[PDB]
Amino acid sequence: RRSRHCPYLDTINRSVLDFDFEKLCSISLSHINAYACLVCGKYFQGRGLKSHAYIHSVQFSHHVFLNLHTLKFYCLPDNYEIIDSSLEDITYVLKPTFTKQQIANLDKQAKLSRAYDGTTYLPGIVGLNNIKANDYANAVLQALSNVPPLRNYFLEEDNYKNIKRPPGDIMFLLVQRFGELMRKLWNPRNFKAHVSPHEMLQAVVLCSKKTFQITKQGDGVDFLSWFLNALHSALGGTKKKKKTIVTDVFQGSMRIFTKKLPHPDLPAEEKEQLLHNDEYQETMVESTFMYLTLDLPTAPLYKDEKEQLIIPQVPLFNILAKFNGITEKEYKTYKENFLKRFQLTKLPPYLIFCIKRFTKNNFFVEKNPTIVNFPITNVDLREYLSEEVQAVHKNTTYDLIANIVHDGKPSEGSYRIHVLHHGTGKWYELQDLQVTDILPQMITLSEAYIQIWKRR
Amino acid sequence: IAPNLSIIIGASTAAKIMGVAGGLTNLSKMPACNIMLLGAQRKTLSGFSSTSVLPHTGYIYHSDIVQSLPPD
């Protein structure tokens, strides 16, 4: 058996293999026995005489191919299995085998990884390819990354297969493709220092239908609101899993006291009787949040008298002062206003802060470009919880992990991401493939849009 | 040493204008027009209007009291 040795081992080109495309046959549009040539990097239908792979092998004289399901290499022109010590490296690219020790020894990792093309990088800090208006998708995927509670559930393929999938389950592909993409980007050894979400946006547009179409730039907040919900709903078939891997990470309990009919059309005596009626008062409205919303002061709309066109800088604690009994916001809707006061009763391990920049006016949608001064490694949130709950939590301090910054008008945007490499303190800026170790001040200077924390 | 001058402009700019003037006695013999130009750098205009790079501007023009006012 000449299977083990091959006189065509050197013809393989490792920098041409781009395994981020759809694993379907190019010639005849099939996923069965997807075989990839290594000389040039094309997909085929499988082995066998007069097969598309065989025809290509006997036409281009490309001998050694690769199986994308059994992960076992073959020489099609004579069609025998190929086993080599070096060739194993290629198998680590498409299907990275992250054993539990590598997950356990990755937050303590401070060595820059090696790429075959020579483009140095750090795992996790990887540029997601912007094929078509994927700036928001890349931003949310990177922000969802670097979350150790979520980081330690997808680097192993044996974590999400065991879940029950109903016959009508049409969203498990989202979970499995998220896991595979995360393994591709967290790969210590890959040919390209970047990775294309081409296999991921397809699952996104299949699960979310035409919504979040990659033609037009999507909304980050509207995206992750559906994304975390879809991750929660996929995990668990015909079984109410109120707490799943993503629920016990970002979800937190929240209290709301809501009063209604404060409308000015009511006279003083009628409103006094209304509040006397005991029908319209603060109510028990405790629920769950996947992410805390932040409402900003409106743009100054006027030049400052001394320094014209002053940049509006507001401390973060002013925004977070909404979540306490002291302040109450009037979420007026339709005919009667609704005065709601917010409160925190269960801090999630990681706190998400979405920021309401983009808002529609009476006529046209604008953005609120109000800069916020926010720390990154020391914040206290103990004032926002009732003492009958404050005793439970001995950790109310959060450290920033990921930050989302948007550019320009809503119809013309380009997301940028500030990621913190845990273990070290290097804050890296990624837009499409950008890599730059910024200082902890450029994070404050820019206008944030979505922030990720960690209670430690 | 100069309680009256140190409160109108503040002690910092007061020191900057008394040290460069050669002492309180020296600047007491100095007209206010010249006291304006105390420490007035002849900044090289970088292909701009001379109005853009403050011309004939001294430490008193950079004091906290005046900067509180609109540029005009």
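Just so you know, the protein sequences line up as chains U and L, in that order.
So the first sequence is residues 100 to 555, counted in the deposited numbering.
So the second sequence is residues 215 to 286, counted in the deposited numbering.
Cβ coordinates follow ideal geometry from the N, Cα and C atoms, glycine included.
Beta-carbon proximity list for residue i, same chain, < 8 Å, skipping 5 on both sides
i	result
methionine 232(L)	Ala216, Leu219, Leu238, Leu241
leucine 186(U)	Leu108, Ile111, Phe172
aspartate 216(U)	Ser114, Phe290, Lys291, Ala292
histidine 168(U)	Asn132, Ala133
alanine 420(U)	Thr426
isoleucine 279(L)	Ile222, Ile223, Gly224
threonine 314(U)	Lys231, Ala232
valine 413(U)	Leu395, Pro396, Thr469, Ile470, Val471, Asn472
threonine 535(U)	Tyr527, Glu528
Short CB-CB distance (under 8 Å) between residue i and chain U
i	result
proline 284(L)	yes
Beta-carbon separation (whole angstroms), residue i vs residue j, contact threshold 8 Å
i	j	result
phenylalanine 159(U)	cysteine 174(U)	Rounded, the Cβ-Cβ distance is 14 Å, inconsistent with contact.
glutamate 406(U)	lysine 359(U)	Contact doesn't hold; Cβ gap of about 43 Å is too wide.
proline 509(U)	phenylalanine 457(U)	5 Å
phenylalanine 441(U)	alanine 547(U)	Between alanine 547(U) and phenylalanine 441(U) the Cβ distance is about 20 Å, and since that is not below 8 Å, they are no contact.
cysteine 136(U)	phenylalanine 164(U)	5 Å
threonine 382(U)	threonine 357(U)	5 Å
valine 471(U)	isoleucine 418(U)	7 Å
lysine 455(U)	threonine 392(U)	6 Å
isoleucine 202(U)	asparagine 166(U)	The pair is not a contact, with the Cβ atoms about 27 Å apart (cut-off 8 Å).
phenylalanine 349(U)	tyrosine 390(U)	6 Å
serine 212(U)	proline 287(U)	5 Å
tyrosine 142(U)	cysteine 124(U)	6 Å
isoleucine 500(U)	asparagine 245(U)	5 Å
Other residues of its chain near residue i: CB distance less than 7 Å, five sequence neighbours each side excluded
i	result
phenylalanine 271(U)	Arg264, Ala333
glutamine 316(U)	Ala232, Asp234, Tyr235, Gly512
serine 352(U)	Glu385, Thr387, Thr444, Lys445
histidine 362(U)	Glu435, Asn436
Pairwise C-alpha distance: residue j and residue i
i	j	result
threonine 218(U)	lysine 339(U)	46 Å
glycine 145(U)	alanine 209(U)	41 Å
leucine 323(U)	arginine 113(U)	35 Å
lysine 493(U)	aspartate 257(U)	34 Å
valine 239(U)	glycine 319(U)	7 Å
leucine 221(U)	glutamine 255(L)	49 Å
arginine 354(U)	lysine 466(U)	29 Å
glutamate 368(U)	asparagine 460(U)	34 Å
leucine 532(U)	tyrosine 514(U)	12 Å
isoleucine 230(U)	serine 295(U)	8 Å
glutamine 312(U)	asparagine 237(U)	14 Å
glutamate 404(U)	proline 411(U)	14 Å
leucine 538(U)	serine 485(U)	36 Å
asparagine 228(U)	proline 468(U)	27 Å
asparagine 248(L)	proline 285(L)	21 Å
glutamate 482(U)	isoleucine 549(U)	23 Å
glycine 236(L)	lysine 243(L)	11 Å
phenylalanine 463(U)	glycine 507(U)	15 Å
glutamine 241(U)	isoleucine 516(U)	7 Å
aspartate 206(U)	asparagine 502(U)	19 Å
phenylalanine 437(U)	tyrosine 379(U)	10 Å
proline 366(U)	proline 396(U)	30 Å
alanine 302(U)	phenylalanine 326(U)	12 Å
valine 491(U)	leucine 116(U)	52 Å
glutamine 540(U)	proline 448(U)	25 Å
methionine 299(U)	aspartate 347(U)	25 Å
6 Å Cβ shell around residue i - same chain, five flanking residues per side excluded
i	result
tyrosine 273(L)	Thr227, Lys230, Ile231, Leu252, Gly253
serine 102(U)	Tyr179, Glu180
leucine 450(U)	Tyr497, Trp552
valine 234(L)	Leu252, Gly253
8 Å Cβ cutoff, residue i in contact with chain B
i	result
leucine 374(U)	As a matter of chain content, chain B is missing from the structure shown, whose protein chains are U and L.
Heavy atom of the ligand SAM within 7 Å of residue i beta-carbon
i	result
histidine 517(U)	In the structure on display, the ligand SAM does not appear, and there are no ligands present to speak of.
*asked:* Output needed in chain order: residues of the stretch 388-405 of chain U with a Cβ under 9 Å from some Cβ in chain L.
replied: Flagged, chain order: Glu404, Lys405.
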